[PDB]
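Undergrad: Okay, here's the structure, questions in a sec.
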Amino acid sequence: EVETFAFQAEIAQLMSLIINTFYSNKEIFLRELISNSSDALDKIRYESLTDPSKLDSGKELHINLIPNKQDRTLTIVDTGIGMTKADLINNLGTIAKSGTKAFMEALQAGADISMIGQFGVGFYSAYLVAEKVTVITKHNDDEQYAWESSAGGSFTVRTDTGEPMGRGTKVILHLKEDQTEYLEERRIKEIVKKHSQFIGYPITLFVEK
Ligand SMILES: Nc1cccc(Oc2ccccn2)c1
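Oh and the sequence shown: position 142 is 157 in full-length UniProt numbering, straight run, nothing missing.
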C-alpha cells in the first residue's frame, strides 16, 4: 500500500530551485546530510540521558557512508532518533515552509545555496546530486517506513518490508549520471575531511569489492 502526497508549494519551489539553479559546489550535500545525522544522533542521546530504555533499539551511535557503483547509490546511514510516519509527511521532521521562506529571503539578500542548512532544510540539498532519494526510517514510537521522491511535486510513503533497521535513518541517493564522483572513495574522504572533520560520532566510509 503506497500513499502519494503533494509537496507544499513552497517546498516544491525549493526543490525546483535546487535542481535548476546553476551551482557548481554540489559537494555540500554530504556535509548537510552528515549534519542532519549528527542532529538525529544528538536527539536520541539526549532522550537516553533520562530513559536508558530509549537505546534498547540499539546502543551504538554512528554514521555509515555506503557507496554502491553497481546501483549508482550513495547511502548515508545513522542510528539517530529516526522519524515517525507523521514526521516523514511533515517534511521529514523539518519546519520546511518557514525555513524555505527564510532561506529564499537570505538568497535575495546575497547568501548562496551553501547556507541552506542554516535554515533547517539542508536535507533537500540531496537533489543537487540525486535524481531520486529514498529515506528508510525507524523511530522508537512507530514502525519502519520508506519515503521516496524524484521531485516533480510529489512524494510517496509506504511501510517498509525491507531489512529491519532497529532505529535510525537511511538516506539512499540515486545519483544523477554525471555525479558519480561521489561514489569514489578518495572523493568522499576529501569531502568528509573538508566539512565534517569534527562531527562527534564515528563516520565509517565503507569500501566496495
Ligand atoms: N556536524 C558536525 C558537528 C560538529 C563538528 C563537525 O565537524 C567539522 C565542522 C566544521 C569543520 C570541520 N569539521 C561536524
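Ideal Cβ positions, reconstructed from N, Cα and C, are used throughout, including at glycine.
1) Anything with a beta carbon under 7 Å from a heavy atom of ligand 1 counts; list them all in chain order.
2) Suppose the cutoff is 6 Å on Cβ atoms and the five residues either side in sequence are ignored; what does the same chain contact list for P217 look like?
3) Along the beta strand (DSSP E) that carries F44, what are the first and last residues, could you check?
4) Out of curiosity, what's the CA-to-CA distance linking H210 and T174?
5) Under 7 Å Cβ to Cβ from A117, same chain only, skipping five residues before and after it: list those, please.
6) In whole angstroms, give me the CA-to-CA distance for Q212 and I206.
7) With 16 other CB atoms within 10 Å as the buried threshold, where does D93 fall?
8) Measuring straight from C-alpha to C-alpha, what distance separates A126 and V136?
9) What are the start and end residues of the alpha helix (DSSP H) that includes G114?
10) Alpha carbons only, please: which of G132, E18, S31 and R87 is nearest the one belonging to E199?
11) Over the uninterrupted alpha helix (DSSP H) stretch that includes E163, give me the two end residues.
12) Identify every residue that forms a DSSP beta bridge with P82.
13) Give me, in chain order, the residues of the same chain whose beta-carbon lies closer than 8 Å to that of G108; leave out the 5 immediate sequence neighbours on both sides.
14) Would you tell me roughly how many angstroms separate the C-alpha atoms of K69 and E178, rounded to the nearest one?
TA: This is what the structure holds:
1) Here the residues come out as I49, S50, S53, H210, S211, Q212, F213, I214 and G215.
2) Here residue 217 corresponds to residue number 202 of the sequence shown, with the count starting at 1. The residues are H77.
3) Locating residue 44 in the sequence shown gives position 29, where the first residue counts as 1. No beta strand (DSSP E) holds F44; the alpha helix (DSSP H) holding it covers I43 to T65.
4) What you label residue 210 is simply residue 195 of the sequence shown in a count that begins at 1. What you label residue 174 is simply residue 159 of the sequence shown in a count that begins at 1. Rounded to whole angstroms, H210 to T174 spans 34 Å at the Cα level.
5) Stepping through the sequence shown from its first residue, residue 117 is reached at position 102. Excluding positions up to five away in sequence, the list reads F134.
6) Here residue 212 refers to the residue found at position 197 of the sequence shown. Here residue 206 refers to the residue found at position 191 of the sequence shown. Straight-line Cα distance between these residues: approximately 9 Å.
7) Counted from its first residue, the sequence shown places residue 93 at position 78. With 16 or more other Cβ atoms within 10 Å, it is buried.
8) Locating residue 126 in the sequence shown gives position 111, where the first residue counts as 1. Locating residue 136 in the sequence shown gives position 121, where the first residue counts as 1. Distance between the alpha carbons of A126 and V136 is about 15 Å.
9) Reading the sequence shown from its first residue, position 99 is the one you call residue 114. Counting along the chain, the alpha helix (DSSP H) containing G114 begins and ends at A111 to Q123.
10) The sequence position of residue 199 within the sequence shown is 184, counting from 1. Ranking the options by Cα distance to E199, first place goes to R87.
11) Working through the sequence shown from its first residue, we reach residue 163 at position 148. Following the DSSP letters along the chain, one finds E163 in no alpha helix (DSSP H) but inside the beta strand (DSSP E) bounded by residues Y160 to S164.
12) As a position in the sequence shown, residue 82 is number 67, starting the count at 1. Note: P82 sits in a beta bridge opposite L89.
13) Sequence index remark: in the sequence shown, residue 108 carries index 93 (1-based). Here the set comprises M98 and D102.
14) Locating residue 69 in the sequence shown gives position 54, counting from the first residue. Locating residue 178 in the sequence shown gives position 163, counting from the first residue. When rounded, the distance between both Cα atoms is 21 Å.
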